[PDB]
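> Sequence first, structure after; it's an experimental one.
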Amino acid sequence: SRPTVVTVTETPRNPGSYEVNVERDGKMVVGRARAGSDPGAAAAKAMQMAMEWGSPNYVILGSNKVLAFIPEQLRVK
Amino acid sequence: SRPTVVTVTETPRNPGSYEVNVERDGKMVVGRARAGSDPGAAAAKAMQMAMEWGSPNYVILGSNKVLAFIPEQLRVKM
Amino acid sequence: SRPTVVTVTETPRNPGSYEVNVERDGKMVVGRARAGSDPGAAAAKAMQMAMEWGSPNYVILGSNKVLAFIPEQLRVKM
Amino acid sequence: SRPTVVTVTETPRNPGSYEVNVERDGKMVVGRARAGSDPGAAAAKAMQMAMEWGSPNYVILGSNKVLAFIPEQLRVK
Amino acid sequence: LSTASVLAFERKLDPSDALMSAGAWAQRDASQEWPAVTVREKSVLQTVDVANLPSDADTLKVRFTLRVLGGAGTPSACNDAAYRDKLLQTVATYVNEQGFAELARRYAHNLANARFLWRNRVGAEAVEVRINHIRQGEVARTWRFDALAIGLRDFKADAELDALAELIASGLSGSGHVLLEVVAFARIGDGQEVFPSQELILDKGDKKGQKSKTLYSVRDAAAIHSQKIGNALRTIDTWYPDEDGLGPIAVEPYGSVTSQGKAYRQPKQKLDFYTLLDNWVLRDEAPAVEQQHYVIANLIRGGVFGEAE
Amino acid sequence: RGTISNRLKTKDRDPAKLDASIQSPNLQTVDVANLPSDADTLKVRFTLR
RNA sequence: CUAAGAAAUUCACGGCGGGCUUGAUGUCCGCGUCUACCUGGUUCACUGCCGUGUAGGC
């Protein structure tokens, strides 16, 4: 896997709270970090983790409530 | 990847304080600058960074306590 | 972005001093003008920059120490 | 903006002199009129511009060096 | 080889804000406690700021200080030592040909006739200028000039004018430390209108009810900006491509009177500061004896002269 | 309020001019610190360890 | 001119019961933001000869 992968998942043990993972060239540099408690802060944390560690290109994954804050031309690069 | 992206995020190492990041044209112009200790200072710093950087267009991202101070989608996107 | 946006941000290079930024319609008319050295002068400068430079709408943004001197959700929006 | 607003701001082109703005019912009635060269004359002119130009619901804004010469009950009507 | 990416020159002839006072004539030899005039508001449905002498005073007095610092050719910042060394050799060649004597004579002429009284010199009846040399907190030398006999157009000769030009030349060379105090008395009239410096405010709004014209003041005392004094005593340039009859204008790159709207020394012709400077330092071309005065006056003024490269 | 006195690094007749013309003034805002009109000495104080 | 030509899947329902994630920790060091400047063209007012209207003085 060449580009960086940022995945925002929701914690099923406590609904409403999110977590973020960053891939970064086949060895994870961020594991289960605390994102926000709402989709907006999860989107902000995902875009921050895509700005850093995503120097050539990146891909942002996540739910539809999370990715409704990012325009469709900013999720993949 | 055309407009300037402004993100406001809360620091988890002490709850209540925020930090702002600004990216324009694939180059990180501002990295982890202090916004404040309440959501209002975070919203003011985000709107200032959208006014100064990113002249044609911008997108402002942040928490829901922070985006409650900006008018709903009228001034968040351009 | 139709209403005139007025923001008041605190400088982190020395704490307790503020600055104000005004944007009327797609262009910045006031950039980093000295607000004051206390929250009261910053609130007064924000209301002065919203009195003039204003269409029938405006919006004021600031921290939760400056926005206490402005009357509660009455003179902040238009 | 129904209450009349009276703001007292220090002119940054020379430190120590003040100027008062008075707005009533959408349009401004006094724009950048001179006050004294000390906070006492500025607070007195703010009180005088609060008596005229709004009988109900005046707001007086200013610095903490200016709003220390008036009592706490005479700042918001 | 190449003009530097950064090049900055400090300001010589550094003035201060001119302070205004009022009094009665035949009292100029004791005028040290005269009351400062103040600006006032007046309604016309607009509000303006006006200034006026008191009804017992018929003479205006303007006072400021002046310094000359020396070392005109040395830049404050640079980017390559080669261009700086060539520039120092060029200005050293100029001062070894002829010292700062023509420029100093024109500066002393602009101090002699009180040209820093911009619009309150026109309706004057009699003007007197006093210039003091301050050495150790006291007065070392006094000059007293009549300003209506010393005209604005032509540059006449006088013994005391040559003495003041020698003082300014010694200050500009680098052999002394000159601090001047300039006081000017103008007999306008009993209670007439004086003209302080007008204000520019980049934060004043647009809606009606705002003040239309505000004036400059320093701690409730009507004053003049220092940059207006600098532009007043910088008008020494008369060697430009227009014919004789308009008069001398100020030393600016692409020398331009912006109030009229015209711009002399356009870059289409080869008579501006930048191309003559580039030919002087790069292609070893001195334009004339007259254009060297203009280039060195533009270096005394200072600025930010940087080509990108 | 000053004049525009800098190198016109664009073209002579530029379609999208990255600056302004010479016959117009430019208005700027700057900070300045001065001495008062009666004071002629400046004092600077610091500590060292 | 068709492996051609034709066609009712129709009904019902209990997935239930229980639970200790535990402990521990040194991010840390350095720094020159410099330079120059005309708000200006622009205060058609006060009061009177006079019943209007239209002469005049400064």
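Structure received. Residues are numbered from 1 along each chain as shown, chains lettered A, B, ... in the order given.
> what about the helices in chain E?
E:81-97, E:102-112, E:159-173, E:226-232, E:273-281, E:289-301 (DSSP state H).
> for chain A, same thing?
A:39-51.
> so which residue of it comes closest to chain F?
residue A:73 (25.7 Å; C-beta to the nearest C-beta). C-beta coordinates here come from the backbone N, C-alpha and C atoms, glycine included.
> hmm, back to that, ok, and which of the helices of chain E has the densest surroundings?
Of the helices of chain E, the one with the most neighbours on average (mean count of other C-beta atoms under 10 Å in any protein chain shown) is helix E:102-112, at a mean of 22.
> How about that helix and RNA strand G, any contact?
No: judged by C-beta under 7 Å from any atom of the strand, helix E:102-112 makes no contact with RNA strand G; its nearest approach is 13.3 Å.
> Just to confirm, which residue in chain A is farthest away from the center?
Taking C-alpha atoms, centre = their mean as the measure, the residue most remote from the mean C-alpha position of chain A is residue A:13, 19.4 Å away.
> so where do the strands sit in the stretch 101-250 of chain E?
E:127-134, E:139-146, E:178-186, E:223-224 (DSSP state E, counting those that start in this stretch).
> for chain A, same thing?
For chain A, the strands defined by DSSP state E cover A:4-10, A:18-22, A:30-34, A:58-61.
> hmm, back to that, what would the helices of chain E look like in JSON lines with distance to residue E:63?
Converted to JSON lines, these look like this (distance: least, C-beta to C-beta, whole Å):
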{"stretch": "helix E:81-97", "distance to residue E:63": "33"}
{"stretch": "helix E:102-112", "distance to residue E:63": "13"}
{"stretch": "helix E:159-173", "distance to residue E:63": "18"}
{"stretch": "helix E:226-232", "distance to residue E:63": "11"}
{"stretch": "helix E:273-281", "distance to residue E:63": "33"}
{"stretch": "helix E:289-301", "distance to residue E:63": "24"}
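> Quick one: closest of the ones you listed to chain D.
So among the helices of chain E, helix E:226-232 is nearest, using C-beta to the nearest C-beta, at 13.2 Å.
> By proximity to RNA strand G, which residue of chain F wins?
residue F:2 (3.1 Å; C-beta to the nearest atom of the strand).
> Same question for chain A.
Taking C-beta to the nearest atom of the strand, chain A has residue A:13 as its residue nearest RNA strand G, at 11.6 Å.
> out of the strands of chain A, which comes closest to residue D:38?
strand A:30-34 (52.8 Å; C-beta to C-beta).
> quick one: that closest one to chain centroid distance?
10 Å (C-alpha atoms, centre = their mean, to the nearest Å).
> just stretch E:121-130 next, same as before
Worked out by C-alpha atoms, centre = their mean, stretch E:121-130 lies 18 Å from the chain centre.
> For that stretch, buried residues please.
For stretch E:121-130, a neighbour-count test (16 or more other C-beta atoms under 10 Å in any protein chain shown) marks E:121, E:124, E:127, E:128, E:129, E:130 as buried.
> Can you name the residues that contact the second one?
Same thing as residue E:124. Contacts of residue E:124 were listed using C-beta atoms under 8 Å, 6 or more residues apart in numbering or on different chains, and they are E:117, E:148, E:186, E:187, E:188.
> Swap in 7 Å and give it another go.
Contacts for residue E:124 (C-beta atoms under 7 Å, 6 or more residues apart in numbering or on different chains) come out as E:186, E:187, E:188.
> what does chain F have sitting close to chain A?
Contacts of chain F with chain A, taken as C-beta under 7 Å from any C-beta of the partner chain, are absent.
> Leaving out chain neighbours, which residue sits closest to the residue of chain F found nearest chain B?
Chain B sits closest to residue F:18 of chain F, with a gap of 13.8 Å, by C-beta to the nearest C-beta. Excluding the flanking residues, the one nearest residue F:18 by C-beta to C-beta, 6 or more residues apart in numbering or on different chains is residue F:10, at 5.1 Å.
> Lovely, talk soon.
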